[PDB]
Ligand SMILES: *[C@@H]1O[C@H](CO)[C@@H](O)[C@H](O)[C@H]1NC(C)=O
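Protein chains in written order, with the entry's author numbering: chain E, 1 to 12; chain A, 1 to 212; chain B, 1 to 220.
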C-alpha cells in the first residue's frame, strides 16, 4: 500500500 | 535486515466477527515480535509485545500468537473503534524493522448520504475565486458519484473530491466535492447544481442554488 | 503520566537540516532511552536511532553519517538533527519510549512531526465560511463549515468552538491543488434551531506559518 501523511492511514 | 511481510493488504469484516492479521518474517526471529495500532491521525499504540504478552490498558479482545516466522494478531470480536492500520515489529535482529501494515475496514448496512450545497462566500469572492462545495454526509459504502452542472453544462476537470476515513462510531464516510471557478466565470452563470448518486438512493439527489 | 511532546511541523528546503525537539515528562532521561522512528510514504515505519540513558547513541545504518541525537537531562529534552534532506525524507517523525530501559517495544510516542522537504515557501491559509441555509438544512439538521484554502505545507488543525464541539465534525483530508497549495473543508452538523442561539467558530491553526484564525460561521 501507500502511507498517507495527512491521515496517517494506509491508502490503497 | 529482517523483512516483515504483512498480509493481506486490506481486511474487511463485519462487527462482532473475529479477525486475524498475518506477519511473516524472512528469517526465524523467535517470539520477538510486537504489534501496533494506528488510528486516523494517531501515533502507533502498542497492542502486544513478544508475540503474545498483554499490554496494560489494551482490551482483552486483542491477542497474538506465533513463533519462528509465522505470526498472528487477533481481535476476537471487532468493534467499530477497531478501524485502523495494524503493524508488526521484529527485534530479534538489529536494527528493529516494521512490516508495511494491514488496513482493517468495517462493513455496515447501506446508508444514503445527506447532501448539502454551499455557495461561495462573499468573502471568498473578493479574492477573484469561487469555491462551490457539495457535501455528502455519513454514507456507506464509500462509492459515490458527484456530477456538477452549471446552467445545464456538465462540469469536468474543475472539481476535487475528498473522502474522510471511516468513522469510528458509525462506520460511515463523508465526502466533499469542491467546484472551483474564476470569479468572472462564476458571475457569468446562474444555476449551480451538484448531483449525487449512491447505492442507498433510489434515484439521484440534486442540490442546487441560483447565484443571489 | 508519561508523555513526549515534539516541536511543531514544518518545511525543510532540499539539502537542508531537520531539527526536532522531544520534551518528555513523567520520567527521567537518566533512566530511559529515547528512540526516533519516522513514517514515510514509500518506506513506511523506519527506526532511525536512539539516545540511551547514559548518553550513548546508535543510528540505523543508512543514517550513520547524517544523524545526530543529543539531550539535556535536566531540561528533559531530546534533540534530533538530520543533515541534507531530500524529497524522500518527507515523513512524520516520532520520538518514542520503550517499556523498559534497554528494550524496543514502544509504548509511548510523541504526537509526531510532519516534515515536508520542498523548495517552496510557507503560506498560511485563507479561511472562508460555509454558511448554513435552507440549501443545507434537511429535517431539522443544518450543515456548516469552514473552507481552509491555499496553504503550504501540511498539516493544518481545525477544531470547533475551541474544542467544545466534536460531535458531527468532519475535517476532510487536504487535497493538493494545481497551484501546489493545499485546501480542505471542515464541516459539522448541528440542530437548525440552535443557529439563532449558538455561535459556531472553526479554530484554524497552521503551525508552519504561525497562522491562527477563528472564523465565525453564520446563516446568510
Ligand atoms: C531516498 O533515496 C535514497 C537514494 O538517494 C534511497 O537510498 C532511500 O532509500 C530513499 N528513501 C526513501 C524514504 O524513499
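C-beta atoms are modelled at their ideal positions from N, C-alpha and C, and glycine is treated no differently.
Return helix, strand or coil for residue i, following the three-state DSSP convention.
i: residue 1 of chain A; result: coil
i: residue 141 of chain B; result: strand
i: residue 200 of chain B; result: coil
i: residue 189 of chain B; result: strand
i: residue 161 of chain B; result: helix
i: residue 130 of chain A; result: strand
i: residue 101 of chain B; result: coil
i: residue 96 of chain B; result: strand
i: residue 43 of chain B; result: coil
i: residue 125 of chain A; result: helix
i: residue 61 of chain B; result: helix
i: residue 113 of chain A; result: coil
i: residue 15 of chain B; result: coil
i: residue 143 of chain A; result: coil
i: residue 59 of chain A; result: coil
i: residue 88 of chain B; result: helix
i: residue 216 of chain A; result: No answer is possible for residue 216 of chain A: it lies beyond the span of chain A, which begins at 1 and ends at 212.
i: residue 208 of chain B; result: helix
i: residue 70 of chain B; result: strand
i: residue 49 of chain A; result: strand
i: residue 218 of chain B; result: coil
i: residue 25 of chain B; result: strand
i: residue 154 of chain B; result: coil
i: residue 156 of chain A; result: coil
i: residue 226 of chain A; result: The first residue shown for chain A is 1 and the last is 212, placing residue 226 of chain A beyond what the model contains.
i: residue 6 of chain E; result: coil
i: residue 75 of chain B; result: helix
Can you give me the Cβ contacts of residue i inside the same chain, cut-off strictly under 7 angstroms, excluding the 5 residues immediately before and after it?
i: residue 68 of chain B; result: 81
i: residue 120 of chain A; result: 130, 131, 132 and 186
i: residue 166 of chain A; result: 83, 105, 106 and 173
i: residue 208 of chain B; result: 9, 10, 11, 122 and 153
i: residue 209 of chain A; result: 117, 119 and 192
i: residue 213 of chain B; result: 127 and 204
i: residue 169 of chain A; result: 80
Near residue i, which residues of its chain fall below 8 angstroms by C-beta distance, leaving aside the five closest residues on each side in sequence?
i: residue 54 of chain B; result: none
i: residue 65 of chain A; result: 51, 52, 71, 72 and 74
i: residue 236 of chain B; result: No statement about residue 236 of chain B is possible, as the shown extent of chain B runs from 1 to 220 and does not include it.
i: residue 69 of chain A; result: 24, 25, 26, 27, 28 and 29
i: residue 1 of chain E; result: 10, 11 and 12
i: residue 89 of chain A; result: 4, 33, 34, 35, 36, 96, 97, 98 and 99
i: residue 49 of chain B; result: 35, 36, 57, 58, 59, 60, 63, 67 and 69
i: residue 38 of chain A; result: 44, 45, 84, 85, 86, 87 and 101
i: residue 236 of chain A; result: In this structure chain A extends from 1 to 212, so residue 236 of chain A is not present and cannot be described.
i: residue 125 of chain A; result: 183 and 186
Spatial neighbours of residue i within its chain, please: C-beta separation below 6 angstroms, excluding the five flanking residues on both sides.
i: residue 141 of chain B; result: 189
i: residue 110 of chain B; result: 4, 6, 22, 94 and 95
i: residue 76 of chain A; result: 18 and 61
i: residue 21 of chain A; result: 73, 86 and 102
i: residue 148 of chain A; result: 155, 159, 179 and 194
i: residue 206 of chain B; result: 124, 125, 151 and 156
i: residue 192 of chain B; result: 137, 140 and 142
Checklist entry - Who sits around ligand 1, taking every residue whose Cβ is closer than 5 angstroms to one of its heavy atoms? => result B:40, B:42, B:43 and B:88
Item to check | Meets three-Cβ-pair contact criterion under 8 angstroms: the stretch 179-190 of chain A and the stretch 108-115 of chain B | outcome: no
Checklist entry - Residues in the stretch 32-58 of chain B with C-beta within 9 angstroms of chain E's C-beta atoms, listed in sequence order? => result 39, 40, 41, 42, 43, 44 and 45
Checklist entry - Listed from N- to C-terminal order along the chain, which residues in the stretch 77-107 of chain B have their beta-carbon within a distance smaller than 9 angstroms of any beta-carbon of chain A? => result 92, 94, 96, 99, 103, 104, 105, 106 and 107
Next on the checklist: Taking beta-carbon pairs under 7 angstroms, can you tell me which members of the stretch 102-115 of chain A lie near chain E?
Outcome noted: 103
Item to check | the stretch 102-117 of chain A in contact with the stretch 70-90 of chain A per 3-pair CB rule at 8 angstroms | outcome: yes
Checklist entry - Between the stretch 38-58 of chain B and the stretch 150-164 of chain B, do three or more beta carbon pairs fall short of 8 angstroms? => result no
Item to check | Where the stretch 21-44 of chain A meets chain B: residues whose CB sits under 7 angstroms from a CB there | outcome: 34, 43 and 44
Checklist entry - So does the stretch 173-193 of chain B actually touch the stretch 14-33 of chain A, counting three or more Cβ pairs closer than 8 angstroms? => result no
Checklist entry - Does the pairing of the stretch 93-112 of chain B with the stretch 27-40 of chain B give three or more beta-carbon distances under 8 angstroms? => result yes
Next on the checklist: Beta carbons nearer than 7 angstroms to chain E: which residues of the stretch 166-186 of chain B have them?
Outcome noted: 173 and 174
Item to check | Where the stretch 133-149 of chain A meets chain B: residues whose CB sits under 9 angstroms from a CB there | outcome: 133, 135, 137 and 138
Next on the checklist: For the stretch 155-178 of chain A, list every residue whose C-beta sits within 7 angstroms of some C-beta in chain E, in sequence order.
Outcome noted: 165
Next on the checklist: Taking contact to mean 3 or more Cβ pairs, one atom from each stretch, closer than 8 angstroms, check whether the stretch 134-141 of chain A and the stretch 8-27 of chain B are in contact.
Outcome noted: no
Checklist entry - Just by C-beta distance, which residues in the stretch 105-133 of chain B are closer than 7 angstroms to chain E? => result 114
Checklist entry - Should the stretch 83-90 of chain B be called in touch with the stretch 121-137 of chain B, which here means at least 3 C-beta pairs below 8 angstroms? => result no
Item to check | the stretch 138-154 of chain A in contact with the stretch 190-200 of chain A per 3-pair CB rule at 8 angstroms | outcome: yes
Checklist entry - Any residues in the stretch 72-94 of chain A with a beta carbon nearer than 7 angstroms to a beta carbon of chain E? Which ones, in chain order? => result 85
Item to check | Short-range partners of chain A found in the stretch 190-211 of chain B, where Cβ spacing is below 9 angstroms | outcome: none
Next on the checklist: Counting only Cβ-Cβ distances shorter than 8 angstroms, please list the residues of the stretch 53-74 of chain A near chain B, keeping chain order.
Outcome noted: 55
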